[PDB]
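What follows is work30.cif (mmCIF, C-alpha atoms and all ligand atoms).
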```cif
data_start
loop_
_atom_site.label_atom_id
_atom_site.label_comp_id
_atom_site.auth_asym_id
_atom_site.auth_seq_id
_atom_site.Cartn_x
_atom_site.Cartn_y
_atom_site.Cartn_z
CA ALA A 19 -225.64 158.60 132.58
CA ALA A 20 -228.33 157.17 134.85
CA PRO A 21 -227.07 153.53 135.03
CA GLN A 22 -223.53 154.76 135.78
CA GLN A 23 -224.92 157.07 138.48
CA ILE A 24 -226.96 154.25 140.03
CA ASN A 25 -223.98 151.88 140.05
CA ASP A 26 -221.82 154.47 141.82
CA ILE A 27 -224.19 155.38 144.66
CA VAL A 28 -225.17 151.73 145.16
CA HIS A 29 -221.51 150.65 145.29
CA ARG A 30 -220.40 153.47 147.61
CA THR A 31 -223.36 152.88 149.97
CA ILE A 32 -223.77 149.10 150.15
CA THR A 33 -220.09 148.08 150.12
CA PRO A 34 -219.29 149.81 153.46
CA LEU A 35 -222.62 148.61 154.92
CA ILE A 36 -221.76 144.96 154.17
CA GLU A 37 -218.32 145.39 155.73
CA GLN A 38 -219.62 147.20 158.81
CA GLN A 39 -222.48 144.74 159.42
CA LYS A 40 -220.57 141.58 158.35
CA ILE A 41 -223.39 140.62 155.98
CA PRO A 42 -222.63 137.29 154.23
CA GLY A 43 -224.86 137.81 151.18
CA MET A 44 -226.98 140.61 149.84
CA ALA A 45 -229.14 141.54 146.86
CA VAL A 46 -230.31 145.05 145.99
CA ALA A 47 -232.77 146.30 143.37
CA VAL A 48 -233.13 149.97 142.46
CA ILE A 49 -236.32 150.88 140.62
CA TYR A 50 -235.35 154.00 138.66
CA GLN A 51 -238.00 155.63 136.46
CA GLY A 52 -239.88 152.33 136.74
CA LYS A 53 -236.97 150.17 135.48
CA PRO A 54 -235.11 147.69 137.71
CA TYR A 55 -231.35 147.55 138.23
CA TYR A 56 -229.95 144.57 140.15
CA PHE A 57 -226.87 144.15 142.35
CA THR A 58 -225.53 141.15 144.26
CA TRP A 59 -222.77 140.54 146.81
CA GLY A 60 -221.40 137.61 148.73
CA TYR A 61 -222.81 134.16 149.44
CA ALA A 62 -226.21 132.52 149.77
CA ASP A 63 -224.47 129.54 151.40
CA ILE A 64 -221.16 130.32 153.12
CA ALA A 65 -220.02 126.73 153.62
CA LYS A 66 -220.53 125.83 149.95
CA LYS A 67 -219.42 129.25 148.64
CA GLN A 68 -222.61 129.54 146.58
CA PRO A 69 -222.91 133.18 145.46
CA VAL A 70 -226.01 135.30 145.74
CA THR A 71 -227.64 135.58 142.31
CA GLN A 72 -230.73 137.23 140.88
CA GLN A 73 -232.54 133.92 141.53
CA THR A 74 -231.50 133.61 145.19
CA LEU A 75 -234.49 133.27 147.55
CA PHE A 76 -234.42 135.35 150.75
CA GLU A 77 -236.81 135.28 153.69
CA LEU A 78 -238.81 138.54 153.69
CA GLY A 79 -239.92 138.37 157.31
CA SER A 80 -242.35 141.19 158.04
CA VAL A 81 -242.16 142.51 154.47
CA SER A 82 -244.58 139.58 153.93
CA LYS A 83 -247.20 141.77 155.63
CA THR A 84 -247.35 143.97 152.53
CA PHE A 85 -248.59 140.97 150.57
CA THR A 86 -251.14 140.25 153.29
CA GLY A 87 -252.28 143.87 153.23
CA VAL A 88 -252.72 143.79 149.45
CA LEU A 89 -254.59 140.47 149.56
CA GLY A 90 -256.89 142.05 152.16
CA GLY A 91 -257.30 145.07 149.91
CA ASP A 92 -258.25 142.77 147.04
CA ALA A 93 -260.88 141.14 149.27
CA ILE A 94 -262.36 144.58 150.03
CA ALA A 95 -262.52 145.36 146.31
CA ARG A 96 -264.21 142.01 145.63
CA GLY A 97 -266.87 142.93 148.21
CA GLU A 98 -265.97 139.91 150.35
CA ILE A 99 -265.03 141.92 153.45
CA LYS A 100 -265.40 145.39 154.92
CA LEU A 101 -262.80 146.76 157.29
CA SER A 102 -265.57 147.93 159.63
CA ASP A 103 -266.75 144.30 159.94
CA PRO A 104 -266.37 142.80 163.43
CA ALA A 105 -263.60 140.23 163.64
CA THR A 106 -266.14 137.78 165.08
CA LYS A 107 -268.22 137.92 161.90
CA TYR A 108 -265.63 135.66 160.24
CA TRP A 109 -264.92 133.58 163.37
CA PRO A 110 -268.22 133.13 165.22
CA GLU A 111 -266.74 130.86 167.91
CA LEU A 112 -264.71 133.89 169.08
CA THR A 113 -267.44 134.87 171.53
CA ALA A 114 -265.51 136.47 174.41
CA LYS A 115 -266.78 139.92 175.43
CA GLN A 116 -263.50 141.82 174.91
CA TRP A 117 -263.84 141.32 171.14
CA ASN A 118 -267.01 143.43 171.01
CA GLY A 119 -266.02 146.48 168.99
CA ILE A 120 -262.83 145.00 167.48
CA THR A 121 -262.92 145.14 163.67
CA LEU A 122 -260.88 143.84 160.78
CA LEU A 123 -259.43 147.36 160.49
CA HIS A 124 -258.03 147.09 164.05
CA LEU A 125 -256.49 143.69 163.30
CA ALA A 126 -254.99 144.87 160.02
CA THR A 127 -253.41 147.99 161.58
CA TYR A 128 -252.21 146.71 165.01
CA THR A 129 -254.83 148.84 166.82
CA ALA A 130 -257.00 146.13 168.48
CA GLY A 131 -255.67 147.14 171.91
CA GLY A 132 -252.48 145.25 172.68
CA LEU A 133 -252.37 141.94 170.80
CA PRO A 134 -248.82 140.64 171.36
CA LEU A 135 -245.87 140.86 169.00
CA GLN A 136 -245.66 137.07 168.62
CA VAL A 137 -248.23 134.35 168.88
CA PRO A 138 -246.93 132.27 171.83
CA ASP A 139 -244.91 129.25 170.73
CA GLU A 140 -247.20 126.87 172.63
CA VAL A 141 -250.06 127.91 170.30
CA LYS A 142 -249.93 125.56 167.34
CA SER A 143 -253.38 124.42 166.19
CA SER A 144 -256.48 126.36 165.21
CA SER A 145 -258.03 125.32 168.53
CA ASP A 146 -254.96 126.58 170.40
CA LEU A 147 -255.37 129.87 168.54
CA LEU A 148 -259.02 130.16 169.54
CA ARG A 149 -258.17 129.65 173.21
CA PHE A 150 -255.38 132.23 172.96
CA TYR A 151 -257.60 134.93 171.46
CA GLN A 152 -260.53 133.97 173.73
CA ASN A 153 -258.32 134.47 176.80
CA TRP A 154 -256.41 137.55 175.62
CA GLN A 155 -257.16 140.66 177.69
CA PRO A 156 -256.65 144.00 175.88
CA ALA A 157 -254.61 146.71 177.55
CA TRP A 158 -256.45 149.50 175.69
CA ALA A 159 -259.75 150.23 174.00
CA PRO A 160 -259.65 149.40 170.27
CA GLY A 161 -258.48 152.11 167.92
CA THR A 162 -256.43 154.07 170.47
CA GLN A 163 -252.90 152.53 170.56
CA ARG A 164 -250.83 150.97 167.77
CA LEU A 165 -248.69 148.02 168.90
CA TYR A 166 -246.88 146.15 166.11
CA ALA A 167 -248.01 142.53 166.30
CA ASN A 168 -247.90 139.38 164.20
CA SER A 169 -250.85 138.08 166.23
CA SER A 170 -252.91 141.03 164.92
CA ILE A 171 -252.29 141.24 161.17
CA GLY A 172 -251.77 137.48 161.09
CA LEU A 173 -255.34 136.97 162.27
CA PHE A 174 -256.52 139.64 159.81
CA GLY A 175 -254.97 137.65 156.97
CA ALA A 176 -256.54 134.39 158.13
CA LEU A 177 -260.01 135.93 158.49
CA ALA A 178 -259.92 138.02 155.30
CA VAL A 179 -259.65 134.94 153.06
CA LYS A 180 -262.53 133.04 154.69
CA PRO A 181 -265.27 134.35 152.31
CA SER A 182 -263.15 133.14 149.38
CA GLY A 183 -263.34 129.55 150.59
CA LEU A 184 -259.62 129.23 149.79
CA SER A 185 -256.69 128.58 152.07
CA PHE A 186 -254.53 131.60 152.77
CA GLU A 187 -251.80 130.21 150.52
CA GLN A 188 -254.20 129.40 147.67
CA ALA A 189 -255.71 132.90 147.91
CA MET A 190 -252.26 134.55 147.86
CA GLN A 191 -251.07 132.46 144.91
CA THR A 192 -254.20 132.84 142.79
CA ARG A 193 -255.11 136.46 143.62
CA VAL A 194 -251.75 138.22 144.13
CA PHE A 195 -248.71 136.18 143.04
CA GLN A 196 -249.97 134.76 139.74
CA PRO A 197 -251.68 137.94 138.41
CA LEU A 198 -248.53 139.99 139.12
CA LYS A 199 -246.31 137.30 137.53
CA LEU A 200 -244.38 136.77 140.76
CA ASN A 201 -243.44 133.22 139.84
CA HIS A 202 -240.42 132.95 142.19
CA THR A 203 -242.26 134.01 145.35
CA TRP A 204 -243.38 131.38 147.84
CA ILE A 205 -245.05 130.89 151.18
CA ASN A 206 -243.60 127.35 151.15
CA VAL A 207 -240.45 126.93 149.04
CA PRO A 208 -240.91 123.90 146.75
CA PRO A 209 -238.21 121.19 146.86
CA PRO A 210 -236.78 121.96 143.38
CA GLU A 211 -236.28 125.61 144.38
CA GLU A 212 -234.29 124.88 147.55
CA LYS A 213 -231.02 124.93 145.62
CA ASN A 214 -231.59 128.69 145.31
CA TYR A 215 -232.88 129.20 148.88
CA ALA A 216 -230.19 131.07 150.83
CA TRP A 217 -229.28 130.12 154.34
CA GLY A 218 -229.86 132.79 156.92
CA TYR A 219 -227.08 133.41 159.42
CA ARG A 220 -227.52 134.15 163.12
CA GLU A 221 -224.41 134.24 165.33
CA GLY A 222 -222.64 132.40 162.51
CA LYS A 223 -225.16 129.52 162.38
CA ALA A 224 -227.16 128.65 159.25
CA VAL A 225 -230.89 128.93 159.98
CA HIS A 226 -234.25 129.06 158.22
CA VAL A 227 -237.43 130.58 159.66
CA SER A 228 -239.13 128.30 162.19
CA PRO A 229 -242.71 127.12 161.56
CA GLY A 230 -245.24 128.92 163.72
CA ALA A 231 -248.91 129.76 163.95
CA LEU A 232 -249.97 132.43 161.42
CA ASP A 233 -246.44 132.45 159.95
CA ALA A 234 -247.69 132.56 156.35
CA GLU A 235 -249.87 135.61 157.07
CA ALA A 236 -247.33 137.58 159.12
CA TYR A 237 -243.78 136.68 158.07
CA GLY A 238 -243.62 133.60 155.83
CA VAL A 239 -242.90 134.84 152.30
CA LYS A 240 -239.63 134.06 150.49
CA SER A 241 -238.73 135.78 147.24
CA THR A 242 -235.94 136.71 144.83
CA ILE A 243 -234.53 140.15 144.15
CA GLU A 244 -236.22 140.11 140.71
CA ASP A 245 -239.71 139.28 142.05
CA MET A 246 -239.36 141.90 144.78
CA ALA A 247 -238.43 144.52 142.18
CA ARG A 248 -241.58 143.50 140.29
CA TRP A 249 -243.50 143.86 143.57
CA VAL A 250 -242.28 147.45 143.89
CA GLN A 251 -243.23 148.13 140.26
CA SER A 252 -246.68 146.66 140.95
CA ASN A 253 -247.22 149.05 143.88
CA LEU A 254 -246.24 152.13 141.84
CA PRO A 255 -249.07 154.22 140.32
CA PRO A 256 -248.83 153.26 136.62
CA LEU A 257 -250.07 149.71 137.33
CA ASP A 258 -252.94 148.89 134.93
CA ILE A 259 -253.93 145.21 134.81
CA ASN A 260 -256.96 143.14 133.85
CA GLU A 261 -257.43 142.06 137.49
CA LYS A 262 -259.08 145.26 138.63
CA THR A 263 -259.87 144.13 142.18
CA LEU A 264 -256.14 143.58 142.68
CA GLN A 265 -255.24 146.91 141.09
CA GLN A 266 -257.69 148.57 143.51
CA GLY A 267 -256.57 146.46 146.47
CA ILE A 268 -252.99 147.58 145.92
CA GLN A 269 -254.15 151.19 146.09
CA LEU A 270 -256.12 150.50 149.29
CA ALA A 271 -253.04 149.11 151.05
CA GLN A 272 -251.55 152.63 150.72
CA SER A 273 -254.62 154.34 152.15
CA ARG A 274 -253.83 156.20 155.37
CA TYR A 275 -255.99 154.69 158.13
CA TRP A 276 -254.24 156.07 161.22
CA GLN A 277 -251.66 158.72 162.02
CA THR A 278 -249.10 158.61 164.78
CA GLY A 279 -246.17 161.00 164.92
CA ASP A 280 -245.28 161.70 161.31
CA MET A 281 -246.14 158.20 160.04
CA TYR A 282 -249.37 156.77 158.61
CA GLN A 283 -250.51 153.15 158.85
CA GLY A 284 -251.68 151.41 155.68
CA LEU A 285 -252.43 147.73 155.12
CA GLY A 286 -248.99 146.25 155.65
CA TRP A 287 -247.28 149.30 154.15
CA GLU A 288 -246.37 152.30 156.31
CA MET A 289 -246.21 155.79 154.83
CA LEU A 290 -244.78 159.25 155.49
CA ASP A 291 -245.25 162.44 153.52
CA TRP A 292 -242.44 163.00 150.99
CA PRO A 293 -240.05 164.85 151.01
CA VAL A 294 -239.45 163.15 154.34
CA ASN A 295 -237.05 163.99 157.16
CA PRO A 296 -234.54 161.12 156.79
CA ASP A 297 -233.72 161.14 160.51
CA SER A 298 -237.39 160.50 161.26
CA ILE A 299 -237.53 157.25 159.28
CA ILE A 300 -234.00 156.15 160.26
CA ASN A 301 -234.58 156.79 163.97
CA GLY A 302 -238.18 155.60 163.85
CA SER A 303 -237.10 152.26 162.38
CA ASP A 304 -235.21 151.29 165.56
CA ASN A 305 -237.21 148.58 167.33
CA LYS A 306 -237.05 150.55 170.58
CA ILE A 307 -239.59 152.78 168.76
CA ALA A 308 -241.07 150.58 166.01
CA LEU A 309 -242.13 147.85 168.47
CA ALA A 310 -243.43 150.22 171.14
CA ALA A 311 -247.04 151.28 171.70
CA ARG A 312 -247.97 154.67 170.20
CA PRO A 313 -251.23 156.66 170.32
CA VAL A 314 -253.11 156.82 167.02
CA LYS A 315 -255.57 159.30 165.55
CA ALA A 316 -258.16 157.88 163.18
CA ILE A 317 -258.37 159.17 159.62
CA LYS A 318 -262.02 159.00 158.50
CA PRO A 319 -262.50 158.38 155.68
CA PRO A 320 -259.03 156.87 155.11
CA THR A 321 -256.88 159.11 152.94
CA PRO A 322 -256.66 157.70 149.41
CA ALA A 323 -253.06 156.80 148.52
CA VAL A 324 -250.95 159.96 148.45
CA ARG A 325 -248.50 160.06 145.56
CA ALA A 326 -246.00 162.27 147.44
CA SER A 327 -245.27 159.60 150.05
CA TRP A 328 -242.35 157.56 151.28
CA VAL A 329 -243.87 154.06 151.39
CA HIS A 330 -241.87 151.38 153.16
CA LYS A 331 -241.58 148.25 155.30
CA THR A 332 -238.73 146.60 157.22
CA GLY A 333 -238.73 142.87 157.83
CA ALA A 334 -236.63 140.28 159.55
CA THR A 335 -236.38 136.65 160.56
CA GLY A 336 -233.79 135.02 162.80
CA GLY A 337 -231.36 134.88 159.88
CA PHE A 338 -232.50 137.54 157.39
CA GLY A 339 -233.07 141.27 157.18
CA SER A 340 -235.03 143.07 154.44
CA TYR A 341 -236.21 146.55 153.53
CA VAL A 342 -238.44 147.92 150.77
CA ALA A 343 -239.18 151.59 150.14
CA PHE A 344 -240.56 153.60 147.28
CA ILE A 345 -241.78 157.06 146.30
CA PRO A 346 -244.83 156.88 144.00
CA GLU A 347 -244.43 160.52 142.86
CA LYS A 348 -240.94 159.70 141.55
CA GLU A 349 -241.49 156.13 140.25
CA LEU A 350 -238.44 155.35 142.39
CA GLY A 351 -237.75 152.57 144.88
CA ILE A 352 -235.31 150.15 146.45
CA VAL A 353 -235.29 146.57 147.73
CA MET A 354 -232.53 145.37 150.09
CA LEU A 355 -232.39 141.64 150.93
CA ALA A 356 -229.73 140.21 153.25
CA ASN A 357 -229.13 136.82 154.86
CA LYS A 358 -228.29 138.39 158.18
CA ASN A 359 -230.66 140.27 160.51
CA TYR A 360 -228.74 143.52 161.02
CA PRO A 361 -230.24 146.63 162.68
CA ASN A 362 -233.10 148.45 160.94
CA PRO A 363 -231.57 151.98 161.08
CA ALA A 364 -228.56 150.77 159.05
CA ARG A 365 -230.93 149.47 156.35
CA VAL A 366 -233.00 152.66 156.27
CA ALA A 367 -230.00 155.01 156.31
CA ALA A 368 -228.48 153.20 153.33
CA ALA A 369 -231.79 153.35 151.45
CA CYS A 370 -232.07 157.08 152.22
CA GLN A 371 -228.56 157.69 150.87
CA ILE A 372 -229.25 155.83 147.61
CA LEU A 373 -232.72 157.23 146.92
CA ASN A 374 -231.76 160.79 147.88
CA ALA A 375 -229.03 160.71 145.20
CA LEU A 376 -231.46 159.41 142.56
CA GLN A 377 -234.69 161.29 143.31
CL CL B 401 -263.47 148.68 153.73
CL CL B 402 -233.66 147.93 165.26
NI NI B 403 -237.63 129.44 137.81
NI NI B 404 -233.74 164.95 141.08
NI NI B 405 -236.47 164.11 140.54
NI NI B 406 -234.82 165.23 138.23
NI NI B 407 -235.73 167.13 140.38
#
```

So that I can check it, write out the structure of this file as structure tokens.
Amino acid sequence: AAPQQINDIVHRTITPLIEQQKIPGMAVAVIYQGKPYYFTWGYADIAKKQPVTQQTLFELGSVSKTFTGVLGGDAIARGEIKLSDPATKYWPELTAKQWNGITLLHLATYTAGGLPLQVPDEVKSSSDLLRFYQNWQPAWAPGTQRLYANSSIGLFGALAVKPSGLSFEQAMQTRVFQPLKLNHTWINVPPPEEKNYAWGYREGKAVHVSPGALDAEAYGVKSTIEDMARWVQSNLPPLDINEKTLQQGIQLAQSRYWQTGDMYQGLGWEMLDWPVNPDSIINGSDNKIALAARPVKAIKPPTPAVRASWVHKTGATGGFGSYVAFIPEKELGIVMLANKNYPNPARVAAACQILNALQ
């Protein structure tokens, strides 16, 4: 009766959402008792009437940060980094005084003291980046305010892989993607895979994410609905793989490092205690809140991953909108990929309706 029940709630929830939000193409995965169930609607390419399939690639936007968090967790477990390490330890030319006291933890969790949402578009090279961070003036002491920022976790990702001697992309492929068998997940989509790469749509124009500094670390992953379902499965408790630093790093990305309001900051992932007030995550997902500064309280030592949690992340690019959420206690989760950037609360409310019916 379970597959019939899943089909019904997914159909009755997503069909009106697509119509209300005018979404051109969408893929949904429900992870129910650890098993994935896939659903597709609409078009990856409107002009060519190419349907969304289980092999369609979507831009994950900020959901990419969950991969960066896990790769950072793997580096901790390898002994290559410590979150209490100063950021300057891995970038010694970053000598400016305001960086004294700023750690990898602060970069990973948006708590360095006001690093901006986007790296400025005029910053392109590594030397541009150095000048940007050397000249940046924090608004707050480190570890006091959370301000969501690609320039923060993006730099965390770039520094965390330095001890490996690998590029960020090589580290992600070899240490996260390949061990988890995510073989249709890319930082740079290869030419033969472009036939499955959906267009994003913004004001009715077909767009892909623009290149930018630290894009790979902060918002550059593209993936299929099947690989993202396998990503959810990999972040659920029963994961037991040969690559034990990765198994441990996944658990560390769900550690609770900071609290603000009723939410907890992990590495990439964000968490709330479950059962959760649905209005809190729906309302809190609005960018008028999610992009605003909020005071944080440190959790020392970080809370080890709590099984009774709602774990989630929204993401967007100019042309795409994504959402992933799961409940480790229930072995239950959802992935929603769309080639239009429609408002976060609509994504979260739909996910709440589906998972509440199945939990
Ligand atoms: Cl650590
Ligand atoms: Cl929003
Ligand atoms: Ni293939
Ligand atoms: Ni139940
Ligand atoms: Ni139940
Ligand atoms: Ni039950
Ligand atoms: Ni029950």

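Closest approach to ligand CL 401 (chain B) among A:242, A:152, A:168, A:121 is made by A:121 (distances from only C-alpha atoms and all ligand atoms).
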
Inset, instruction - List all protein, DNA and RNA residues that have at least one atom no more than 8 Å from any atom of ligand CL 402 (chain B), counting only C-alpha atoms and all ligand atoms, and write them as a list in words. - result: residues 303, 304, 305, 306, 308, 360, 361, 362 and 363 of chain A

Please build the interface table for chain A against ligand NI 406 (chain B) with a cut-off of 9 Å, listing for each qualifying residue the nearest atom pair and the distance in Å to one decimal; count only C-alpha atoms and all ligand atoms, order rows by chain and increasing number, and write it as a Markdown table.
```
| residue | atom | partner | partner_atom | distance |
| --- | --- | --- | --- | --- |
| A:348 | CA | B:NI406 | NI | 8.9 |
| A:376 | CA | B:NI406 | NI | 8.0 |
| A:377 | CA | B:NI406 | NI | 6.4 |
```

Inset, instruction - May I ask for the distance between atom CA of residue A:239 and atom CA of residue A:226, given in Å to one decimal place? - result: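 Going from atom CA of residue A:239 over to atom CA of residue A:226 covers 12.0 Å.
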
Inset, instruction - May I have the residues within 12 Å of residue A:212 as number ranges by chain, using only C-alpha atoms and disregarding those fewer than 4 positions away in the same chain? - result: A: 62-63, 73-76, 202, 204, 206-208, 216-217, 226, 240-241
